[PDB]
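Novice: Sequence, then the experimental structure. Questions to follow.
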Amino acid sequence: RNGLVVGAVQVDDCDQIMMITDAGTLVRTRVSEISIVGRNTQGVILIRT
DNA sequence: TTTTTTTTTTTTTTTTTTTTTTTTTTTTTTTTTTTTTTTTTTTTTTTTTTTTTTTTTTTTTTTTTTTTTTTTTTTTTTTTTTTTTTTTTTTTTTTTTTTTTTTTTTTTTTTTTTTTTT
């Protein structure tokens, strides 16, 4: 897509754990995973960084 | 009374060795130069309610090319042996403790003599 290019990382997570992500240019963040709903292997949703 | 044999330290100066003055190469050391950390404030970035039109997932059906599949023969895997490196017992050496045995040096002050340089 215009926004999405290449799949990067896959992490298994429960419904109350956080996902910390990093960017190549000295940027990161810590997000709560409650606010995103599972979907069936075909879709694009929420931009977190 | 004269004359004859032998012994060594010196005229020794030259060969060998030792001692004493020298200066190339890898290991220290002071300097400048580049990586780190803490404050001000500062426009600037960034967190969080509300509305909104959107664009991707889930009713239902289709196929085809990746999922089925069996089998030959390779070739990575494992076995034994031996070498290289790592790591730890073993040994050796050295240092400190407190009473003993031994020693060794640097300068002032004056006055007189040797001992070199000009």
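Specialist: Done, it's in. Numbers count the residues shown, from 1 in each chain, chains lettered A, B, ... in the order given.
Novice: Tell me if I'm right that residue A:33 and residue A:19 touch.
Specialist: Yes - with contact defined as Cβ atoms under 8 Å, residue A:33 counts as touching residue A:19 (5.6 Å). Quick note: C-beta positions are derived from backbone N, CA and C, even for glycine.
Novice: joint contacts of those two?
Specialist: Common neighbours of residue A:33 and residue A:19, counting by Cβ atoms under 8 Å, 6 or more residues apart in numbering, are residue A:13.
Novice: and residue A:47, helix, strand or coil?
Specialist: The three-state label given to residue A:47 by DSSP: H, G, I helix; E, B strand; the rest coil is coil.
Novice: Counting neighbours, what do you get for the residue lying closest to it once chain neighbours are set aside?
Specialist: Nearest-residue entry for residue A:47: residue A:3, 6.8 Å, with adjacent residues in sequence omitted and distances by Cβ to Cβ, 6 or more residues apart in numbering. Burial of residue A:3, expressed as a neighbour count using other Cβ atoms under 10 Å, amounts to 6.
Novice: Residue A:3 contacts residue A:44, correct?
Specialist: Yes - checked against Cβ under 8 Å, the pair residue A:3 and residue A:44 is within contact range at 7.4 Å.
Novice: picking that back up, helix or strand for the residue nearest to residue A:47, which one?
Specialist: Here residue A:3 is covered by no helix or strand, with elements defined by DSSP states H and E.
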